[PDB]
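Here is the structure we will look at.
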Amino acid sequence: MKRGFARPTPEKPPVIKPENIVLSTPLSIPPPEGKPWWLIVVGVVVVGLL
Amino acid sequence: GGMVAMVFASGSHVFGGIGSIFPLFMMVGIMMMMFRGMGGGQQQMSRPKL
């Protein structure tokens with residue numbers, strides 16, 4: 001002998017929510033700008049030699 | 001040259017012999033800056049970028 005059991009309407013499961021994400025783009029390396037170092041080096045010598 | 005000439009006319013005669021190396025080296029340094037030198041942004045192909 002067993003106890004009776006009637007299955008009711010199923011209870012609500014927790015809802016899943018998708019998400020679409022687009023990644024950021026990496027930074028770009030700064031191109032190599034360059035100073036005319038030798039020019040200012042001759043300068044302080046000339047003004048000094050005077 | 002006027003500065004050297006002015007001192008010579010005054011009679012100091014300090015630039016005689018090796019003393020003359022000071023005016024000589026200076027005149028060379030000035031020449032390097034005014035004739036070759038370096039260009040601005042209008043001359044993009046500076047040696048380090050090319």
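By order of appearance in the structure tokens: chains A, B, ..., then residues from 1 within every chain, and ligands from 1 in the order shown.
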Restrict the calculation to only C-alpha atoms, then for each residue of chain B with any atom at most 10 Å from an atom of chain A give the closest atom pair and their distance in Å to one decimal, rows by chain and rising residue number, as JSON lines.
{"residue": "B:22", "atom": "CA", "partner": "A:49", "partner_atom": "CA", "distance": 7.2}
{"residue": "B:23", "atom": "CA", "partner": "A:50", "partner_atom": "CA", "distance": 8.5}
{"residue": "B:25", "atom": "CA", "partner": "A:49", "partner_atom": "CA", "distance": 8.6}
{"residue": "B:26", "atom": "CA", "partner": "A:46", "partner_atom": "CA", "distance": 6.1}
{"residue": "B:27", "atom": "CA", "partner": "A:46", "partner_atom": "CA", "distance": 9.0}
{"residue": "B:28", "atom": "CA", "partner": "A:46", "partner_atom": "CA", "distance": 9.6}
{"residue": "B:29", "atom": "CA", "partner": "A:46", "partner_atom": "CA", "distance": 6.6}
{"residue": "B:30", "atom": "CA", "partner": "A:46", "partner_atom": "CA", "distance": 7.5}
{"residue": "B:32", "atom": "CA", "partner": "A:42", "partner_atom": "CA", "distance": 8.8}
{"residue": "B:33", "atom": "CA", "partner": "A:39", "partner_atom": "CA", "distance": 7.2}
{"residue": "B:37", "atom": "CA", "partner": "A:39", "partner_atom": "CA", "distance": 7.1}
{"residue": "B:38", "atom": "CA", "partner": "A:36", "partner_atom": "CA", "distance": 7.3}
{"residue": "B:39", "atom": "CA", "partner": "A:36", "partner_atom": "CA", "distance": 9.6}
{"residue": "B:46", "atom": "CA", "partner": "A:34", "partner_atom": "CA", "distance": 8.6}
{"residue": "B:47", "atom": "CA", "partner": "A:34", "partner_atom": "CA", "distance": 9.5}
{"residue": "B:48", "atom": "CA", "partner": "A:34", "partner_atom": "CA", "distance": 6.9}
{"residue": "B:49", "atom": "CA", "partner": "A:32", "partner_atom": "CA", "distance": 7.4}
Suppose we keep N, CA, C and O atoms; can you now write the selection as a short mmCIF file (atom, residue, chain, number, x, y, z; two decimals), in the first residue's frame?
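To be explicit, this is the file written out as out.cif:
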data_model
loop_
_atom_site.label_atom_id
_atom_site.label_comp_id
_atom_site.auth_asym_id
_atom_site.auth_seq_id
_atom_site.Cartn_x
_atom_site.Cartn_y
_atom_site.Cartn_z
N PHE B 22 90.28 79.62 -31.24
CA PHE B 22 88.93 79.95 -30.76
C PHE B 22 88.06 80.53 -31.88
O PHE B 22 86.95 80.02 -32.10
N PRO B 23 88.47 81.58 -32.59
CA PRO B 23 87.69 82.07 -33.72
C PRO B 23 87.49 81.01 -34.80
O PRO B 23 86.39 80.87 -35.33
N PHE B 25 87.45 77.56 -34.70
CA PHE B 25 86.45 76.53 -34.38
C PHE B 25 85.04 77.11 -34.39
O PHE B 25 84.11 76.45 -34.86
N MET B 26 84.85 78.32 -33.88
CA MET B 26 83.51 78.92 -33.87
C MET B 26 82.95 79.08 -35.27
O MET B 26 81.81 78.69 -35.55
N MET B 27 83.73 79.65 -36.18
CA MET B 27 83.30 79.88 -37.55
C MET B 27 82.91 78.57 -38.25
O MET B 27 82.06 78.58 -39.14
N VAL B 28 83.54 77.46 -37.87
CA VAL B 28 83.18 76.15 -38.42
C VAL B 28 81.83 75.70 -37.88
O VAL B 28 80.97 75.21 -38.63
N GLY B 29 81.62 75.84 -36.58
CA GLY B 29 80.36 75.44 -35.96
C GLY B 29 79.16 76.19 -36.51
O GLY B 29 78.08 75.62 -36.69
N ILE B 30 79.33 77.48 -36.78
CA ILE B 30 78.26 78.30 -37.36
C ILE B 30 77.91 77.80 -38.76
O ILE B 30 76.74 77.74 -39.15
N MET B 32 78.15 74.74 -40.01
CA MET B 32 77.38 73.50 -39.95
C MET B 32 75.89 73.74 -39.70
O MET B 32 75.05 73.05 -40.29
N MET B 33 75.54 74.68 -38.83
CA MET B 33 74.12 74.94 -38.57
C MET B 33 73.41 75.63 -39.73
O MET B 33 72.31 75.21 -40.11
N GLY B 37 72.03 71.84 -41.42
CA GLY B 37 70.89 71.88 -40.50
C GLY B 37 69.86 70.78 -40.71
O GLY B 37 70.16 69.68 -41.17
N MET B 38 68.62 71.10 -40.35
CA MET B 38 67.50 70.17 -40.48
C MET B 38 66.23 70.90 -40.89
O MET B 38 66.01 72.06 -40.53
N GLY B 39 65.40 70.20 -41.68
CA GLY B 39 64.13 70.74 -42.15
C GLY B 39 62.97 70.53 -41.19
O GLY B 39 63.02 69.72 -40.27
N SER B 46 62.82 62.87 -42.91
CA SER B 46 63.98 63.00 -42.06
C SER B 46 64.59 61.61 -41.89
O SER B 46 63.87 60.62 -41.76
N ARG B 47 65.92 61.54 -41.92
CA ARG B 47 66.67 60.28 -41.84
C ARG B 47 66.06 59.24 -40.91
O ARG B 47 65.89 58.09 -41.35
N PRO B 48 65.70 59.54 -39.66
CA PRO B 48 65.13 58.50 -38.79
C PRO B 48 63.77 57.96 -39.22
O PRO B 48 63.45 56.83 -38.83
N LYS B 49 62.95 58.68 -39.98
CA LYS B 49 61.67 58.13 -40.41
C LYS B 49 61.80 57.30 -41.68
O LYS B 49 61.11 56.28 -41.83
#
Quiz item: What is the distance between CA of residue 4 in chain B and CA of residue 21 in chain B, in Å to one decimal?
Solution: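 Separation of CA of residue 4 in chain B and CA of residue 21 in chain B: 12.0 Å.
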Quiz item: Where in chain B does DSSP assign alpha helix (DSSP H), given as a PyMOL selection string?
Solution: chain B and resi 2-10+21-35
Could you save the residues just selected, with C-alpha atoms, as a CSV table (one decimal), in the first residue's frame?
chain,number,residue,atom,x,y,z
B,2,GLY,CA,84.7,92.4,-37.0
B,3,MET,CA,85.2,91.4,-33.3
B,4,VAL,CA,88.6,89.7,-34.2
B,5,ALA,CA,89.5,92.7,-36.4
B,6,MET,CA,88.5,95.2,-33.6
B,7,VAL,CA,90.8,93.4,-31.1
B,8,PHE,CA,93.6,93.3,-33.7
B,9,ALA,CA,93.3,97.1,-34.4
B,10,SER,CA,93.3,97.8,-30.6
B,21,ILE,CA,91.9,78.3,-32.6
B,22,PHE,CA,88.9,79.9,-30.8
B,23,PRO,CA,87.7,82.1,-33.7
B,24,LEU,CA,88.5,79.2,-36.2
B,25,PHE,CA,86.5,76.5,-34.4
B,26,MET,CA,83.5,78.9,-33.9
B,27,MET,CA,83.3,79.9,-37.6
B,28,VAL,CA,83.2,76.2,-38.4
B,29,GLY,CA,80.4,75.4,-36.0
B,30,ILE,CA,78.3,78.3,-37.4
B,31,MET,CA,78.7,76.9,-40.9
B,32,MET,CA,77.4,73.5,-39.9
B,33,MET,CA,74.1,74.9,-38.6
B,34,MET,CA,73.3,77.4,-41.4
B,35,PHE,CA,74.1,75.3,-44.4
Quiz item: CA of residue 18 in chain B and CA of residue 1 in chain B are how many Å apart?
Solution: 17.0 Å
